[PDB]
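Notes for the one structure printed next.
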Amino acid sequence: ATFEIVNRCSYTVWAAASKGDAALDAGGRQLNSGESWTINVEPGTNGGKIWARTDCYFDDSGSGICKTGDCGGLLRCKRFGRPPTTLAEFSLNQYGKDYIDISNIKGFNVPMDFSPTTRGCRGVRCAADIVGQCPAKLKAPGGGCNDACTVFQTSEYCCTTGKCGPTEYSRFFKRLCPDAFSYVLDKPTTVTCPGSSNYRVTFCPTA
């Protein structure tokens, strides 16, 4: 599958792509405002994620830090990033279908649209000003709006027992972005696409 990753934000982001135990394609790249990065993701990839990182500093060897979404200090991510991170999530070619979603379960840093570029399904978007409206106790100093599990580490927010309900904090994310997962047992907002679809992830789709 082909993913085109587009930065429509007025600021630079460092895109990342990983399936948790390996990079997808190069794993990460700087995207100045307006730049596009095309990557190739192997068919059958399960549990892939794409996200943006903000305010990064990398040396010549590709080592450094980011204020949101840092993946162990590497430019080219092999593992998932530090919250807060708006997540584009996908599993490809699962019994003939692709499954895509946007998730706020690990917080929110950058607005995002995640859409197919081929026929057969719809896209999803979370583009509200979640950072501006973020409850005080979830605000991340580096930028972004943390999820409640990251901040408070309770069974209820992290859904550790497999039983949990919505919370004041999850309802905040759900109000501003109904089409994104707001907690682990949220009613799924997953979209089913034809197997082997292609996609575009756009950061700051409205601005």
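Hydrogens, waters and symmetry mates play no part in the numbers below; they use all other heavy atoms, side chains included. Residues: numbered from 1 along the sequence shown.
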message = Side chains of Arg200 and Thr117, heavy atoms from C-beta outward: is any pair under 4.5 Å?
response = yes

Atom pair OG (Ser115) and CG (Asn198), whose distance is rounded to the nearest 0.5 Å = 13.0 Å

query = Quick one: OG on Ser155 to NZ on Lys163, what's the gap to the nearest 0.5 Å?
reply = 13.0 Å

inquiry  = State whether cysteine residues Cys159 and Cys149 meet the disulfide criterion of an SG-SG distance below 2.5 Å.
reply    = no

request  = Using a cut-off of 6.0 Å, state whether more than 12 heavy atoms not belonging to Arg29 lie near its atom CZ.
outcome  = yes

inquiry  = Run the side chain to side chain contact (heavy atoms under 4.5 Å, CB included) test on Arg53 and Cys77 for me, step by step, so that the C-alpha distance in whole Å, both residues' side-chain angles and the decisive distance to 0.1 Å come before the verdict.
reply    = CA-CA 11 Å; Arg53 300 169 284 174; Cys77 294; 3.4 Å; yes

query = Do the rings of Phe3 and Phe90 sit parallel, tilted or perpendicular, given the 30° and 60° boundaries?
reply = tilted

Donor on one side chain, acceptor on other, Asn32 and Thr12, under 3.5 Å = yes

message = Quick check on the hydrophobic clustering: are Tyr169 and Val184 connected, directly or via other members, by side-chain heavy-atom contacts under 4.5 Å?
response = no

task = Provide the closest heavy-atom pair for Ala128 versus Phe108 in the form atom of the first, atom of the second, distance.
result = O-CZ, 3.7 Å

note = Residues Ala88 and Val201: closest non-hydrogen pair is CB-CG2, 4.3 Å

request  = State whether the side chain of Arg82 and the backbone N or O of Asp70 hold a donor-acceptor pair below 3.5 Å, judged by distance alone.
outcome  = no

task = Using distance alone, with no hydrogens and no angle criterion, decide if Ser91 and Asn46 have a side-chain donor and acceptor under 3.5 Å apart.
result = yes

task = Take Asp147 and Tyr157 through the side chain to side chain contact (heavy atoms under 4.5 Å, CB included) test and state the conclusion after the steps.
result = CA-CA 8 Å; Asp147 66 283; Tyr157 296 137; over 6 Å; no

key: Exercise: identify the closest heavy-atom pair between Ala127 and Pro111   = CA-CB, 3.7 Å

Side chains of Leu92 and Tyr99 in contact at under 4.5 Å (non-hydrogen atoms) = no

query = Below 4.5 Å, heavy atoms only, C-beta onward: do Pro84 and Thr150 meet side chain to side chain?
reply = no

request  = Indicate if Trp37 and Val13 have the same hydrophobic cluster label, given that clusters are the connected sets of ILVMFWY residues with side-chain heavy-atom separations under 4.5 angstrom.
outcome  = yes

query = Hey, is NZ on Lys67 packed in by over 12 heavy atoms from elsewhere, all under 6.0 Å?
reply = no

inquiry  = Has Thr202 got a side-chain atom pairing as donor or acceptor with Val6's backbone, closer than 3.5 angstrom?
reply    = no

inquiry  = For the backbone of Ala23 and the side chain of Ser18, can you confirm whether one donor and one acceptor N or O come within less than 3.5 Å of each other?
reply    = no

remark   = dist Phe58:CZ -> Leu75:CG (nearest 0.5 Å) comes out at 5.0 Å

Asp113 side chain to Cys126 backbone, donor-acceptor under 3.5 Å = no

Axial cation check for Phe80 ring with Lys49, 6.0 Å and 45° limits = yes

ask   = Between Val110 and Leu31, is there a shared hydrophobic cluster once you connect ILVMFWY residues whose side-chain heavy atoms come closer than 4.5 Å?
value = yes

inquiry  = Before we go on, tell me: are the rings of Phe114 and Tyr199 under 6.0 Å apart, centre to centre?
reply    = yes

inquiry  = Has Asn93 got a side-chain atom pairing as donor or acceptor with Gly96's backbone, closer than 3.5 angstrom?
reply    = no

ask   = Is the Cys158 SG less than 2.5 Å from the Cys164 SG?
value = no

inquiry  = When you measure from the side chain of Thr118 to the backbone of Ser197, do you find a donor-acceptor pair of N or O atoms at a distance under 3.5 Å?
reply    = no

inquiry  = For the backbone of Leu87 and the side chain of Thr85, can you confirm whether one donor and one acceptor N or O come within less than 3.5 Å of each other?
reply    = no

task = Of all the heavy-atom pairs spanning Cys121 and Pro116, show the shortest one and how long it is.
result = O-CG, 3.4 Å

ask   = With a 3.5 Å cut-off and no angle check, do the side chains of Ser103 and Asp101 form a donor-acceptor pair?
value = no

note = Nearest heavy-atom contact between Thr45 and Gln94 is O-NE2, 4.3 Å

key: Cluster overlap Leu74 with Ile50, hydrophobic side-chain contacts below 4.5 Å   = no

ask   = Would you find a donor on one side and an acceptor on the other, under 3.5 Å apart, between the side chain of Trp51 and the backbone of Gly69?
value = yes

remark   = To the nearest 0.5 Å, atom CZ of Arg122 lies from atom OG1 of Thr192 at 10.0 Å

query = Do any N or O atoms from the side chain of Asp25 and from the backbone of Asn40 form a donor-acceptor pair under 3.5 angstrom?
reply = yes

key: Validation row: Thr189, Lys174 side chains within 4.5 angstrom (heavy atoms)   = yes

request  = Would you mind reporting whether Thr86 and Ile102 have side-chain heavy atoms less than 4.5 Å apart?
outcome  = yes

task = Apply the test side chain to side chain contact (heavy atoms under 4.5 Å, CB included) to residues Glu89 and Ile100: give CA-CA distance (whole Å), side-chain angles for both, the deciding distance (0.1 Å), then the verdict.
result = CA-CA 6 Å; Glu89 307 183 307; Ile100 69 168; over 6 Å; no

inquiry  = Does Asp186 form a side-chain hydrogen bond (donor to acceptor under 3.5 Å, both in side chains) with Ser182? I'd like the steps, not just the answer.
reply    = CA-CA 6 Å; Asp186 208 351; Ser182 65; 2.7 Å; yes

ask   = Would a distance-only check, ignoring hydrogens and angles, find a side-chain to backbone donor-acceptor pair under 3.5 Å from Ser33 to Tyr11?
value = no

inquiry  = Is it the case that the side chains of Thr68 and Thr54 hold a donor-acceptor pair, with the cut-off being a distance below 3.5 Å and no angle test?
reply    = yes

ask   = Side chains of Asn104 and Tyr183: do they bring a donor and an acceptor to under 3.5 Å?
value = no

request  = Drop me the distance from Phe172's CZ to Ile130's CD1, to the nearest 0.5 angstrom.
outcome  = 5.5 Å

message = I'd like to check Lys139 versus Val151 (side-chain heavy atoms, cut-off strictly below 4.5 Å). Are they in contact?
response = no

ask   = Counting only heavy atoms not in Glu4, do more than 12 fall under 6.0 Å of its CD?
value = yes

query = Yes or no on side chain to side chain contact (heavy atoms under 4.5 Å, CB included) for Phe173 and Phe181, after CA distance, side-chain angles and deciding distance?
reply = CA-CA 8 Å; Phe173 289 94; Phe181 280 88; over 6 Å; no

remark   = Residues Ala17 and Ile39: closest non-hydrogen pair is CB-CD1, 3.9 Å

task = Starting at CE of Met112, measure out to SG of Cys177 and round the result to the nearest 0.5 Å.
result = 11.0 Å

